[PDB]
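Below: one structure, written as structure tokens.
Residue numbering begins at 1 within each chain, and the chains themselves are lettered A, B, C, D, E and F in the order written.
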Amino acid sequence: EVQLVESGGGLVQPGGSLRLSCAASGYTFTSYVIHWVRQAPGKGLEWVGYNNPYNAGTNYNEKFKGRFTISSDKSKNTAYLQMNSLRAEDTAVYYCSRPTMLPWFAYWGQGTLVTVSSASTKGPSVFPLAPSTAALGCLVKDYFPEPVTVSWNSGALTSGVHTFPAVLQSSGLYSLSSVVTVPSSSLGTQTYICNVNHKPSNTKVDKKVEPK
Amino acid sequence: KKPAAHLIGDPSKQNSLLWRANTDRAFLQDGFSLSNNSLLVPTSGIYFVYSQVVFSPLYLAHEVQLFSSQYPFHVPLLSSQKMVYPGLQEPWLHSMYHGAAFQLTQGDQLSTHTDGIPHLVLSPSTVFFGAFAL
Amino acid sequence: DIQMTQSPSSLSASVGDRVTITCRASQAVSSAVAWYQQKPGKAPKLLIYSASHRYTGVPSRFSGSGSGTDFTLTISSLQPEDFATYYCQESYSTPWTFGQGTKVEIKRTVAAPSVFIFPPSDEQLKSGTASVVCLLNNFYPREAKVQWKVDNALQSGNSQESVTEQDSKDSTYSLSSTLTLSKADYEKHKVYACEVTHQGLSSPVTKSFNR
Amino acid sequence: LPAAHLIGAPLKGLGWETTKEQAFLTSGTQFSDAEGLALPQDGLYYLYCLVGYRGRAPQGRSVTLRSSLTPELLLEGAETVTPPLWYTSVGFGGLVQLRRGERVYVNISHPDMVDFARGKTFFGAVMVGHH
Amino acid sequence: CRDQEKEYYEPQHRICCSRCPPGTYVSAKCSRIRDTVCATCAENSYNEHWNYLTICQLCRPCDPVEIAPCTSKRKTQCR
Amino acid sequence: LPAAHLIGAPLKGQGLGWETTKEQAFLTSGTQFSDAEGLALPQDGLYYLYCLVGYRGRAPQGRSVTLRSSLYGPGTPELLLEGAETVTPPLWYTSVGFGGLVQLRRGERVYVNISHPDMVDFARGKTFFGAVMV
């Protein structure tokens, strides 16, 4: 079945350069075009351009012509977007999507985040939020840039969990918490471990939360 | 679902062959799209693509071409010429039509380039350009 | 280069209601228009192409109409998983622009915030700054009010809170309110309380610990 | 798949033939010279029309060609030649969205000089889409 | 096939069967119990050879570009 | 989907052949061709045939320029489609084209006959003939 997977988003300083890769699988890669669509944080959708992996016949949204270049490597079922001299406007979620007919964005990727700022990366610290039906959590504090991944028991404990939208602290770093409600009875049976993952700093922890 | 586009010229612009697909008798169906006066081939497959121009030493020409990355860039698919020479005493008229069947990849860009524009008889009857999948 | 204009910035509606959104094209566009539903953080989804054909796997309750210049998206029996931002899009010509989008908040039977409070972790104390979080789990509507008291001193300028999105199964909001101060200030006081006011509760609830 | 191919025929002393040589009508597609050609299905059709001529003036012929339908012009081609023997052929094709029961006919300006030697004058239709 | 010009090959069966005589068109094909059924063409319809054609050509008048006839068997013998 | 598009090519000095691979030419699933034979199609069905030829009409007159696609009592060809333009004028260019629905049977071969290959334009999409199932 069809699977698109972006990768390579992260931190880039203004005027810098970054290239995004989109891995394809589950359809004969060379008879379908790859689109790139972006969206500035909590805003509309913008089409960047497309590339035909068979004949390289790229077609750009002129807004990025001669500043963005979409390539592809049919030997690796992959589409590429390289973006030169990045800016504020350009900070966004970057999606790759392959259609049915050309203008019908049918299948999307998960998207990947390019943050364009001057500041430096930073890994987050993970502190438990121990319970006092009970509710417990994970405080992921002081990290940059977006985004961070929180999942519980490796994607098992999926229900009742709320991983909050991160906050911009005055320190210039992001922080969020991931809380989940469990049976108050079984805080002795079940293990509660939260998986944190912050790629731009290659930090990746499992924090076990439990009462004192 | 089978794509077909039928584009007619905009008669307001008379000094340029601008393709439009808005009218009752001009349209895009099932995936055809436009892109700077080019028709974007919706899916890789076999299409019949056609176009006709009408005209009212002078050189007349009209080619439907396919845009390519490699060598010649602008590769014509359907071309036709016609010389009219001074000695013009009558309301002369002329209609170069041509269509054919081609193998096209998705996102292919069909465009038409014509010599003798100011003579074009812009109308839904005369000057048009479209293609349909088979 | 065509522009699109969606009619309602947002809209509140209740489960089962008829939701109708309009999108206007800056020029005639045959019938080449698409409709996408997104959700939070996750990728958009194709609901409608060529103005009215549903896409594979799109629930029947989704339906598209529109002629040339103006188009409309309608949902018959609004589920809760029918919540997102719905973008229209001219598929007529490049660069295939999207309207602004339309956000949908589903109405529900007013819920009370199951409040909780959290003592700063010892590990975090080790590093010199302490945060106490307050949680407002599964409530409605979003509108709510949290206040921190440190020995009944009302705090200000040090409170930081964030709400989730409308949950895709029960249409309730959830809120966190992190209170951050240095370690010195933290040990200098004793009673820490989070005070919540919402309709779902008879009277403003408070939760507390001290140490 | 509704379709039609009709050949030019000389009548009086112009009509359209539907059975001889190459001409044919498929599933219930209709025709009658004074009426035109009707199609059994709503859909997108590709119409075409080609006419061969025999110019032999003893000028400036305003030779035109068109298929229609207060009638509606759909497709039109033309050649004026001023200029013994003067053969020329004029042709066109195009997609039209026709509806069931609608009739498409051909209108020629110069039946005095239309060549009838086989595949020189004919018009026809094929469905391509819509469903 | 066998000897020609009176017979032709029908691929819906693997046996080659009879042509149709001048002035006729095929009204039914070979079975493996039947031979090609023919039928005489109409007024202004004509053919000129043993033919596996399923329809008759069209008798035209003489185009002023005329000695007769026409008929189902041979044509506008114009000259 | 059986189909063919063949491009004109110059042979010996004064003649004409048809190209099947270069530029735009192509043959699909087992459709056959050989210059001395014609074009055969792998399926029984209704096809749209087409043919267009570009000419360079530059006199030293009265050119009797014609155009024809025919198929093959076996060695008795059957004319299907035909167009013609007689033109009397150093100068001129003209193009002649036609297309039409023929009910072709598997294995039948179709070719094109040109009156004046001495003066047929070969500049790309000027001369071609082809077929598509409908």
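Things to note:
As a working rule, a contact is a pair of C-beta atoms (placed from the backbone, for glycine too) under 8 Å apart; a residue touches a chain by one contact, two chains touch by 3 or more.
Annotation: D-F is the more contact-rich of the chain pairs D-F and B-C, by number of C-beta pairs in contact.
Subunit A and subunit E have Cα centroids separated by 74 Å.
Computed from the mean C-alpha positions, the centre of subunit E lies at a distance of 27 Å from the centre of subunit F. Mean C-alpha positions place subunit C and subunit D at a centre distance of 62 Å. Distance from the subunit A centre to the subunit C centre is 19 Å, each centre being the mean of its Cα atoms.
The set of subunit D residues touching two or more other chains comprises 46, 91, 93, 115, 117, 128.
Annotation for subunit A: residues touching 2 or more other chains are 59, 100-101, 103-104. Within subunit C, contacts with two or more other chains are made by residues 32, 91-92, 94, 96.
If you check each pair of chains against the touch rule, the ones that pass are A-B, A-C, B-C, B-D, B-F, D-E, D-F, E-F.
For subunit C in complex with subunit B, the residues that touch the partner chain are 27-32, 50, 68, 91-94, 96.
By the touch criterion given at the top, residues 2, 4, 6, 25, 27, 29-30, 48, 50, 52, 54, 89-95, 97, 99, 123-126, 128, 130, 132-134 of subunit B touch subunit D in their complex. On the side of subunit B, the complex with subunit A involves touching residues 3, 30-33, 35, 40-44, 67-70, 105-109. On the side of subunit B, the complex with subunit F involves touching residues 46, 48, 63-64, 75-83, 85, 96-103, 134. Per the touch definition, subunit E reaches subunit D in the complex via residues 44-45, 55-58, 60-61, 63, 65.
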